[PDB]
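Chain letters run A, B, ... following the sequence lines, proteins first and then strands; every chain starts at 1. When reading the values below, keep in mind they use all heavy atoms of this one structure, side chains included, and skip hydrogens, waters and symmetry mates.
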Amino acid sequence: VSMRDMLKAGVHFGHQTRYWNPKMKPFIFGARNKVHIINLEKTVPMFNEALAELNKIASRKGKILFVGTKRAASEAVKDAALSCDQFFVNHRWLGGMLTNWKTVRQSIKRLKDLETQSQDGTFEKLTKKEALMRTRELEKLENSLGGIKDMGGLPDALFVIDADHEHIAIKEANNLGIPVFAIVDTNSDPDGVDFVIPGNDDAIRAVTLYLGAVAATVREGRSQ
RNA sequence: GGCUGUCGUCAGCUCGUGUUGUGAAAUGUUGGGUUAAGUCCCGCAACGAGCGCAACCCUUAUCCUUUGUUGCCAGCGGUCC
Ligand SMILES: [Mg+2]
Ligand SMILES: [Mg+2]
Ligand SMILES: [Mg+2]
Ligand SMILES: [Mg+2]
Ligand SMILES: [Mg+2]
Ligand SMILES: [Mg+2]
């Protein structure tokens, strides 16, 4: 991935100096106007070393789960995983989506059966008042569980945009040994993720970049 | 044992799995709104479920169909009215 490209995106940008996390000292060039700057020279080799790892999982038809619920990087997230044939989460992660599979699995069945009882027309020939609680009931399920609806079991790797914001998923993923690939940032803990990609996690330009790239490689890897 | 009063027809009382705590425990069941109501909605390390709440039951208020004696008399005709 082009080291010039990122100057363009804004990846070098971090967070205000005061909100920094001192575990990210390694991945810092310095500060300008009391605002931190990611040493991109550390980003790019780290990043390419996570693309590679992602390839060889995507090789064996494992499932890259993508998570990103920021009211920036949601439509960004959906686009990418769909542009790959994988799974995604872009509205609140709901605690135990991984550790409590048994149960959360048993709320997918419902969403399946509410999809049927919609196209099949049952959500029409009924109480009319009961096309409220038989639709809102679906609408929400397909806002939350939708992304992972046909996922049948636990992922083979989470790919996570913001570590800070999505700390619950990462802990759950550590809980299950599921390897994690995060876009950590100057203000975030390095310490829970396995393939740390430094750089900005809060920009429409920056996110699409890493997504596009991880999208490219899982498709370039889902072939051989 | 069975049956019954009572707080109280008050809106509460809990469980599975997950998570937190060395542990009793906690979370859910808190928060913003709303409601007669843990009523409903939005949020949220919770995700769900159950007993309650409400609804299904009887009665009362209006209308329609069918049936018309031992009940009824609007229009007719008669009358010991
Ligand atoms: Mg423990
Ligand atoms: Mg209580
Ligand atoms: Mg409690
Ligand atoms: Mg409490
Ligand atoms: Mg409340
Ligand atoms: Mg209830």
Check your understanding: When you check the phosphate oxygens OP1 and OP2 of B:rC47, does a side-chain N or O of A:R92 lie under 4.0 Å from one of them?
Key -> yes

**Study point:** Integer angstrom distance from the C1' of B:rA54 to that of B:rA26
**Key:** 31 Å

Practice item. Please tell me which of the listed nucleotides, B:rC47, B:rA45, B:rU20, lies nearest to the side chain of A:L94? Key: B:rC47

**Study point:** Ring-ring stack between B:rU29 and B:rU30, thresholds 5.5 Å and 30°
**Key:** no

Check your understanding: Should the sugar of B:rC73 be assigned to the north (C3'-endo side) or south (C2'-endo side) class according to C1'-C2'-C3'-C4'?
Key -> south

Exercise for review: Applying side chain to side chain contact (heavy atoms under 4.5 Å, CB included) between A:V1 and each of A:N48, A:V44, A:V11, report the one that passes.
Suggested key: A:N48

Exercise for review: Have a look at A:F181 and tell me which of A:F195, A:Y210, A:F66 forms a ring-ring contact (aromatic ring centres under 6.0 Å, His included) with it.
Suggested key: A:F195

What N/O pairs connect the protein and nucleotides 15-17 of chain B at under 3.5 Å? Give each pair on its own line.
{"residue": "B:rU17", "atom": "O2'", "partner": "A:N100", "partner atom": "OD1", "Å": "2.6"}
{"residue": "B:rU17", "atom": "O2", "partner": "A:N100", "partner atom": "OD1", "Å": "3.3"}
{"residue": "B:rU17", "atom": "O2", "partner": "A:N100", "partner atom": "ND2", "Å": "2.9"}

Review point. Among B:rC41, B:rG48, B:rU20, which is the nearest nucleotide to the side chain of A:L141?
Key: B:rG48

**Study point:** Dot-bracket line, read 5' to 3' along RNA chain B, where crossing pairs take [ ] and | marks a partner on another strand, Watson-Crick or G-U under 3.5 Å
**Key:** ...........(((((((((....)))...(((......)))...))))))..............................

**Study point:** Sugar of B:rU70 - north (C1'-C2'-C3'-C4' positive) or south (negative)
**Key:** south

Point to revise | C1'-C2'-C3'-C4' based pucker assignment for B:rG8 | key: south

**Study point:** Pairwise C1' distance for B:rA45 and B:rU27, with rounding to whole Å
**Key:** 8 Å

Point to revise | Whole-angstrom distance between B:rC41 and B:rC47, as gauged at atom P | key: 14 Å

Exercise for review: In whole angstrom, give me the gap between the P atoms of B:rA55 and B:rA11.
Suggested key: 16 Å

Check your understanding: At under 4.0 Å, does any side-chain N or O of A:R110 touch on OP1 or OP2 of B:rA49?
Key -> no

